[PDB]
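**Student:** So that we are looking at the same thing, I have put the structure below in structure tokens.
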Amino acid sequence: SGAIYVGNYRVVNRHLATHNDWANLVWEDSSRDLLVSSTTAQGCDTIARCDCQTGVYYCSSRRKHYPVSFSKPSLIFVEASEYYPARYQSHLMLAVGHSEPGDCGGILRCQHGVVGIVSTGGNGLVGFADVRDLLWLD
Ligand SMILES: C=Cc1cccc(CC(=O)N2CCC[C@H](C(N)=O)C2)n1
Ligand SMILES: [Zn+2]
């Protein structure tokens, strides 16, 4: 679990969005596993606007942060799950690192700000949904 709080927006994994996120829907994209909802309170976070390929992510299944080298956002095949059919997820970045299903929502940050959130993983890999291209969040 986890979310990004920027301005009057809350960014979460689309597959983990609550009834309240859907009732205050701003934008969603199944192909990116992202959903953005509106908030009444002003958020705590700032978004990176950069091309960093190194950063640090929070891994809830280890209660720890780990440094990572990650690939550029791209279209990656993701096997079927209880949440989505087998499909290509876009704007996804992969890295070598530990992750388990409940780790989705953990923030990936570089020196410039928030880069994205954990969205996929398995077998020593961790995948992050990029948010740096969503300029309207600012
Ligand atoms: C087994 C490790 C692991 C680590 C991290 C996450 C997962 C689960 C996973 O990747 N899913 C299920 C939820 C929706 C995801 C998607 N973006 O399509 C795909 N599994
Ligand atoms: Zn950066």
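Residues are referred to by chain and number: the chain letter is A, B, ... according to the order shown in the structure tokens, the number counts from 1 in that chain, and ligands are numbered separately from 1 in the order shown.
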Which residues are near residue 67 (chain A)? Cut-off 7 Å, only C-alpha atoms, ignore same chain within fewer than 5 positions. Put them as a PyMOL selection string.

**Tutor:** chain A and resi 55-57

**Student:** Just want the 9 Å neighbourhood of residue 42 (chain A), counted on only C-alpha atoms, with same-chain residues fewer than 6 positions away dropped. Output as a list in words.

**Tutor:**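 Skipping anything fewer than 6 positions along the chain leaves residues 5, 6, 7, 8 and 9 of chain A.
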
**Student:** Considering only C-alpha atoms, return as an MDAnalysis selection string whatever protein or nucleic-acid residues lie within 10 Å of region 10-26 of chain A, sequence-local ones (same chain, fewer than 2 positions apart) excluded.

**Tutor:** chainID A and resid 1:8 28:39 42:43 45 82:84 104:106 116:119 129 131 137

**Student:** Any chance you could export the current selection's N, CA and C atoms as an mmCIF file, in the first residue's frame?

**Tutor:**
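Saved the output as out_16.cif:
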```cif
data_model
loop_
_atom_site.group_PDB
_atom_site.id
_atom_site.type_symbol
_atom_site.label_atom_id
_atom_site.label_comp_id
_atom_site.auth_asym_id
_atom_site.auth_seq_id
_atom_site.Cartn_x
_atom_site.Cartn_y
_atom_site.Cartn_z
ATOM 1 N N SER A 1 0.827 -1.215 0.000
ATOM 2 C CA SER A 1 0.000 0.000 0.000
ATOM 3 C C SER A 1 0.857 1.259 0.000
ATOM 4 N N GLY A 2 0.268 2.388 -0.412
ATOM 5 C CA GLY A 2 0.967 3.662 -0.408
ATOM 6 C C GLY A 2 0.428 4.630 -1.453
ATOM 7 N N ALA A 3 0.605 5.937 -1.220
ATOM 8 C CA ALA A 3 0.149 6.936 -2.170
ATOM 9 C C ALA A 3 1.124 8.131 -2.201
ATOM 10 N N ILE A 4 1.033 8.955 -3.275
ATOM 11 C CA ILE A 4 1.762 10.225 -3.385
ATOM 12 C C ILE A 4 0.726 11.305 -3.131
ATOM 13 N N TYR A 5 1.044 12.280 -2.282
ATOM 14 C CA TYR A 5 0.112 13.390 -2.011
ATOM 15 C C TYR A 5 0.751 14.680 -2.521
ATOM 16 N N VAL A 6 0.301 15.236 -3.658
ATOM 17 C CA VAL A 6 0.911 16.441 -4.225
ATOM 18 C C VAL A 6 -0.194 17.443 -4.509
ATOM 19 N N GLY A 7 -0.087 18.659 -3.957
ATOM 20 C CA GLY A 7 -1.129 19.667 -4.140
ATOM 21 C C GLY A 7 -2.476 19.147 -3.651
ATOM 22 N N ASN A 8 -3.514 19.232 -4.495
ATOM 23 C CA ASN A 8 -4.816 18.676 -4.129
ATOM 24 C C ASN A 8 -5.071 17.340 -4.810
ATOM 25 N N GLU A 28 -7.601 8.302 -14.557
ATOM 26 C CA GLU A 28 -7.124 6.923 -14.344
ATOM 27 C C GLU A 28 -6.672 6.308 -15.670
ATOM 28 N N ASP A 29 -5.728 5.360 -15.598
ATOM 29 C CA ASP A 29 -5.260 4.702 -16.803
ATOM 30 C C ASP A 29 -4.892 3.255 -16.452
ATOM 31 N N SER A 30 -5.744 2.306 -16.879
ATOM 32 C CA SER A 30 -5.532 0.882 -16.632
ATOM 33 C C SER A 30 -4.202 0.415 -17.214
ATOM 34 N N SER A 31 -3.823 0.957 -18.395
ATOM 35 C CA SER A 31 -2.555 0.529 -19.019
ATOM 36 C C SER A 31 -1.317 0.962 -18.214
ATOM 37 N N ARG A 32 -1.446 1.949 -17.330
ATOM 38 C CA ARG A 32 -0.323 2.401 -16.487
ATOM 39 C C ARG A 32 -0.453 1.937 -15.016
ATOM 40 N N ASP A 33 -1.612 1.335 -14.636
ATOM 41 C CA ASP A 33 -1.929 0.955 -13.251
ATOM 42 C C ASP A 33 -1.923 2.205 -12.351
ATOM 43 N N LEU A 34 -2.400 3.361 -12.850
ATOM 44 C CA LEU A 34 -2.453 4.584 -12.042
ATOM 45 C C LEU A 34 -3.851 5.152 -11.937
ATOM 46 N N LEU A 35 -4.129 5.767 -10.798
ATOM 47 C CA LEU A 35 -5.361 6.502 -10.598
ATOM 48 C C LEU A 35 -4.996 7.718 -9.743
ATOM 49 N N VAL A 36 -5.604 8.854 -10.060
ATOM 50 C CA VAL A 36 -5.435 10.114 -9.320
ATOM 51 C C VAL A 36 -6.806 10.588 -8.864
ATOM 52 N N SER A 37 -6.915 10.902 -7.581
ATOM 53 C CA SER A 37 -8.158 11.416 -7.008
ATOM 54 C C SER A 37 -7.893 12.785 -6.368
ATOM 55 N N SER A 38 -8.970 13.553 -6.133
ATOM 56 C CA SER A 38 -8.808 14.877 -5.523
ATOM 57 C C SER A 38 -8.854 14.829 -3.996
ATOM 58 N N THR A 39 -8.154 15.753 -3.325
ATOM 59 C CA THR A 39 -8.147 15.808 -1.861
ATOM 60 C C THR A 39 -8.589 17.199 -1.394
ATOM 61 N N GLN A 42 -3.934 19.938 1.532
ATOM 62 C CA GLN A 42 -2.765 20.142 0.679
ATOM 63 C C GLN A 42 -1.742 19.051 0.976
ATOM 64 N N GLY A 43 -1.220 18.396 -0.059
ATOM 65 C CA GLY A 43 -0.286 17.282 0.093
ATOM 66 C C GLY A 43 1.138 17.615 0.504
ATOM 67 N N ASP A 45 4.077 15.892 -0.643
ATOM 68 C CA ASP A 45 5.108 15.521 -1.633
ATOM 69 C C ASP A 45 5.368 16.524 -2.779
ATOM 70 N N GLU A 82 -5.243 -11.325 -10.539
ATOM 71 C CA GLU A 82 -6.649 -11.184 -10.178
ATOM 72 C C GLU A 82 -7.195 -9.784 -10.510
ATOM 73 N N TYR A 83 -6.297 -8.800 -10.795
ATOM 74 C CA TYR A 83 -6.672 -7.421 -11.079
ATOM 75 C C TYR A 83 -6.735 -7.058 -12.550
ATOM 76 N N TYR A 84 -5.923 -7.698 -13.387
ATOM 77 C CA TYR A 84 -5.888 -7.370 -14.813
ATOM 78 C C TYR A 84 -5.679 -8.603 -15.651
ATOM 79 N N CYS A 104 3.251 -2.801 -3.446
ATOM 80 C CA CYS A 104 2.743 -1.800 -4.401
ATOM 81 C C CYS A 104 2.362 -0.530 -3.658
ATOM 82 N N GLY A 105 2.750 0.611 -4.199
ATOM 83 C CA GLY A 105 2.473 1.894 -3.551
ATOM 84 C C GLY A 105 3.703 2.498 -2.888
ATOM 85 N N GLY A 106 4.756 1.689 -2.684
ATOM 86 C CA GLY A 106 6.006 2.224 -2.114
ATOM 87 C C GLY A 106 6.612 3.256 -3.056
ATOM 88 N N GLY A 116 8.133 7.729 -8.934
ATOM 89 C CA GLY A 116 7.036 6.792 -9.214
ATOM 90 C C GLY A 116 6.666 5.921 -8.025
ATOM 91 N N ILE A 117 5.821 4.899 -8.265
ATOM 92 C CA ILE A 117 5.429 3.994 -7.179
ATOM 93 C C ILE A 117 5.568 2.547 -7.623
ATOM 94 N N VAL A 118 5.878 1.649 -6.659
ATOM 95 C CA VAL A 118 5.932 0.203 -6.967
ATOM 96 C C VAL A 118 4.579 -0.259 -7.583
ATOM 97 N N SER A 119 4.644 -1.000 -8.684
ATOM 98 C CA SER A 119 3.444 -1.476 -9.370
ATOM 99 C C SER A 119 3.539 -2.965 -9.741
ATOM 100 N N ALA A 129 5.712 2.362 -11.606
ATOM 101 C CA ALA A 129 4.903 3.157 -12.504
ATOM 102 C C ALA A 129 5.459 4.601 -12.434
ATOM 103 N N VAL A 131 5.701 8.659 -12.809
ATOM 104 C CA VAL A 131 4.741 9.774 -12.739
ATOM 105 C C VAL A 131 5.377 11.083 -13.220
ATOM 106 N N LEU A 137 0.163 17.482 -12.391
ATOM 107 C CA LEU A 137 0.103 17.228 -10.943
ATOM 108 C C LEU A 137 0.563 18.453 -10.142
#
```

**Student:** Would you mind listing the residues within 12 Å of ligand 2, counting only C-alpha atoms and all ligand atoms, as a PyMOL selection string?

**Tutor:** chain A and resi 46-56+70+108-116+130-132

**Student:** Between A:40, A:74, A:60, A:69, which has the minimum distance to residue 101 (chain A) (counting only C-alpha atoms)?

**Tutor:**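 Distance minimum relative to residue 101 (chain A) lands on A:60.
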
**Student:** Within 7 Å of residue 99 (chain A), counting only C-alpha atoms, which residues show up once you throw out same-chain ones fewer than 3 positions away? Write them as number ranges by chain, please.

**Tutor:** A: 59, 103, 121-122, 125-126

**Student:** Please determine, counting only C-alpha atoms and all ligand atoms, which residue among A:91, A:80, A:134, A:58 has the shortest atom-to-atom distance to ligand 1.

**Tutor:**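 Answer, going by the shortest atom-to-atom distance: A:80.
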
**Student:** Suppose you want the space between CA of residue 102 (chain A) and CA of residue 41 (chain A); what is it in Å?

**Tutor:**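 Between CA of residue 102 (chain A) and CA of residue 41 (chain A) the gap is 26.2 Å.
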
**Student:** Grab the atom 1 (C, counted along the ligand's line) of ligand 1 to CA of residue 87 (chain A) distance for me, in Å with one decimal place.

**Tutor:** 16.6 Å

**Student:** Write out as a ChimeraX atom specification the set of residues from region 1-128 of chain A that DSSP, computed on the backbone, places in strand (DSSP E or B).

**Tutor:** /A:4-6,9-13,25-29,34-38,47,54-59,64-70,74-78,87-96,107-110,113-122,125-128
